[PDB]
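**Student:** part one of the complex, untouched from its place in the assembly:
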Amino acid sequence: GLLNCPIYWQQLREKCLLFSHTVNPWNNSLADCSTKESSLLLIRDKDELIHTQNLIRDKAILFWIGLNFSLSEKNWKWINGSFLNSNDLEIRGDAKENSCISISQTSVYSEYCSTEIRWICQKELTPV
């Protein structure tokens, strides 16, 4: 209505973001975003990573993003079907079966996909 993003979402440049208040494994986080007619967070570059991190106050909290390990292809792939195409995220940890990517205020971590953490959904105001 009034603002570009709906109630409870936060605008950050060309995206509306929803930071969850509950926890889920990665696959349930994806389901949640879909239910809310949104995507798990896709991070275009380092600059976007840093601006998103600058919204987070609590330095200890992890959030799933829309990237996980494809075992058959042995690399990180976004839910839009693309391979990770740069090192802008400086992922910390192992690239192995049943791993998924999370972010905190300061870092980006590989975590087992069964781990129960918060998640970030996006709606694009100006898609590519």
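**Tutor:** Received the coordinates, thanks. Residues are numbered from 1 along each chain as shown, chains lettered A, B, ... in the order given.
**Student:** so which helix or strand takes in the residue nearest the centre of chain A?
**Tutor:** With distances taken as Cα atoms, centre = their mean, the residue of chain A nearest its centroid is residue A:65 (1.8 Å). Using DSSP states H and E, residue A:65 maps to strand A:63-70.
**Student:** what do you get for residue A:123?
**Tutor:** strand A:118-124.
**Student:** ok, that strand: who's next to it in the sheet?
**Tutor:** strand A:15-19 (antiparallel), strand A:39-40 (antiparallel), strand A:63-70 (parallel) (DSSP bridges).
**Student:** Report the distance from the helix of greatest length in chain A to the chain centre.
**Tutor:** Taking DSSP state H as the criterion, chain A has its longest helix at helix A:26-35. Here helix A:26-35 shows a centroid-to-chain-centroid distance of 11 Å under the convention Cα atoms, centre = their mean, to the nearest Å.
**Student:** also put chain B on there:
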Amino acid sequence: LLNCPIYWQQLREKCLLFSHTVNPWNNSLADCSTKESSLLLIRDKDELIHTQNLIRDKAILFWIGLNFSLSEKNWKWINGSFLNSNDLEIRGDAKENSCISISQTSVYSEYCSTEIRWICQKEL
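**Tutor:** Next up, chain B placed on what we already have:
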């Protein structure tokens, strides 16, 4: 001027997109999420019937937003709720690695790896 994005079909209070390509169920969910949309949710027999009327080819199956949860041993929607109903009259087995699809006439359990078309929705 109409209620839905270009290529989406209005049905009652939803906009639906019927894929033309195929995918296993997990990729289908990822596709809908990428399109800022949900895999199809069906509330009851009347919404099933009306959606099925949009499918004009008898062979073709379409994934919806319903699969078999292994931990819970029951059918669960992607919105978190259990099916907890027999309205859809599911044909086939309720077992690990099974997902739900729809045809023009029926509702089928299929292996989640099966590559078929899928239906995404946006609520009006």
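**Student:** Quick check: buried residues in the strand holding residue A:123?
**Tutor:** Using 16 or more other Cβ atoms under 10 Å in any protein chain shown as the burial criterion, the residues of strand A:118-124 that qualify are A:118-123. Where you see a C-beta, it was placed from the backbone N, CA and C, and this is true even at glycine.
**Student:** out of the residues you listed, which touch chain B?
**Tutor:** residue A:123 (Cβ under 8 Å from any Cβ of the partner chain).
**Student:** and of the buried residues of strand A:118-124, the nearest to residue A:8?
**Tutor:** Distance to residue A:8, by Cβ to Cβ, is smallest for residue A:121 among these, at 10.6 Å.
**Student:** So the closest one sits against residue A:39, correct?
**Tutor:** Yes: judged on Cβ atoms under 8 Å, residue A:121 makes contact with residue A:39 at a distance of 6.6 Å.
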